[PDB]
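Observations on chain architecture
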Amino acid sequence: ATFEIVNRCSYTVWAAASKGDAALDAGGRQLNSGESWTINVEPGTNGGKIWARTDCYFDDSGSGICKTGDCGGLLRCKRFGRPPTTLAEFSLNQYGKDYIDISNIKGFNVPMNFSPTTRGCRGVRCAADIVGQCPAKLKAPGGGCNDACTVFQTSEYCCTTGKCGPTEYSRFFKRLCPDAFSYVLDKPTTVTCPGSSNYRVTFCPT
């Protein structure tokens, strides 16, 4: 499957793509404002994610740091990124269908649209100004809007037991972005697409 990753933000981002235990394609790349990077993701990939990273520095060997979404200091991510990270999430070719969503469970850094480029389903978007409107207690001094699990490490925010409800913090993310997951047990906003669809992830779509 192809994923065209497009940076419509006015600032550079470093895109990242991983399934947690391995890179997808090269795993990451710099995207200046307006640049597009097309990756290939193996069919059957389960639990893949794409995200933006901001305010990064890398040496010539591809080692460094980002202020949001850093994946072990690598340009080419092999693992998931450090919150806050708006997440484009997907599982491909799962019994004949693909499944896509956007999640704010690991916080929010950059607005994104995640849409098919092929027929048969709709896209999802979280493009509101979550960082600007972020509750004081969730603001990440490094940049972005943290989720409450990250900040407070409770059973209720992290849904550790599997019994949790919505919270005043999850409801903030849900208000700003109804079509993204706001906590682990949120009413799903997953879209079913045809198996082997292709996609575009756009940072700062609006």
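Residues numbered from 1 in each chain as written, not as in the entry; some residues may be left out. Heavy atoms only, no water.

Things to note about the overall build of the chain
The criterion, for reference: Secondary structure follows DSSP: runs of H or I at least 4 residues long count as helices, runs of E at least 2 residues long count as strands, and numbering of each begins at the N terminus. Atoms counted for the radius of gyration: C-alpha only. Globule rule: 2.2 Å times the number of residues to the power 0.38. Contacts are assigned to residue pairs that have any heavy atoms within 4.5 Å of one another. The Shrake-Rupley method, run with a 1.4 Å probe sphere, supplies the accessible areas, and residue values consider only the shown protein chains as cover. Charged residues are defined here as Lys and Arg on the positive side and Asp and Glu on the negative side; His and the ends of the chain fall outside this count. Here the site of a charge means NZ on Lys, CZ on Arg, CG on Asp, or CD on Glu.
Per the secondary structure count, the chain includes 4 helices and 12 strands. Here the chain has a C-alpha radius of gyration of 16 Å; the compact-globule value for 206 residues is 17 Å, and the two agree. Expressed along its principal axes, the backbone C-alpha trace of the chain runs to roughly 40 × 40 × 30 Å. Considering only contacts in the chain between residues 6 or more positions apart, those separated by 24 or more positions represent 62%. As displayed, the chain has an accessible area near 9600 Å², and 48% of this comes from carbon and sulfur atoms. Where the 23 positive side-chain charges of the chain centre and where its 18 negative ones centre are 4 Å apart.

Let's talk about the UniProt feature "disulfide bond" in the chain
Spelled out, the test is: The definition used for a disulfide is geometric: two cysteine sulfur atoms within 2.5 Å. UniProt positions are given in the numbering used here, feature names are shortened, and annotations may be inferred rather than shown by experiment. Relative accessibility thresholds used throughout: buried, under 20% of the residue-type maximum; exposed, over 50%; partly exposed, between the two (1.4 Å probe, protein chains only).
Judged by the 2.5 Å criterion, the UniProt-annotated disulfide of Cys126 with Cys177 is present, its S-S distance being 2.1 Å. Of this pair, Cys126 sits in strand 10 (residues 124–126) while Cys177 sits in the loop between helix 4 (168–176) and strand 11 (191–194); the two residues are 51 residues apart in sequence, bridging distant segments of the chain. Look at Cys126 and you get buried, because its relative accessible area is 0%. The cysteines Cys159 and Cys164 carry a UniProt disulfide annotation, and their SG atoms are 2.1 Å apart, under the 2.5 Å mark, so the bond is there. For the pair formed by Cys159 and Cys164, the shared burial category is buried.

Things to note about the nonpolar core
Our working definition: Within this scheme, the nonpolar core is defined by two criteria: the residues are buried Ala, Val, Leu, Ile, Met, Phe, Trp, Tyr or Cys, and they are joined through side-chain atoms within 4.5 Å.
If you look at the biggest cluster of nonpolar residues, it comprises 41 residues, and the most contacted ones within it are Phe3, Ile50, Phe90, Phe114, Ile130 and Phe203. When residues in this core are grouped by element, the largest group, 4 residues, is from helix 4. Apart from the residues within four sequence positions on either side, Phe90 is in contact with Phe3, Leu24, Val41, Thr45, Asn46, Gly47, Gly48, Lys49, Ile50, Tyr99, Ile100 and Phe114. By size, the runner-up hydrophobic cluster in this structure holds 5 residues, among which are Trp51, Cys71, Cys77 and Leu87.

Regarding the state of the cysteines
Following the criterion strictly, the structure yields 8 disulfides and no others. Two residues share a disulfide in this structure: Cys56 and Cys66, whose sulfurs sit 2.1 Å from each other. Here the disulfide of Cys56 and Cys66 is right-handed, its torsion about the S-S bond being about 105 degrees. Of this pair, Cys56 sits in strand 5 (residues 48–58) while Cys66 sits in strand 6 (residues 64–68), placing them 10 residues apart in sequence. Each disulfide pairs two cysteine sulfurs, and for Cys159 the partner residue is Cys164, the sulfurs being separated by 2.1 Å.

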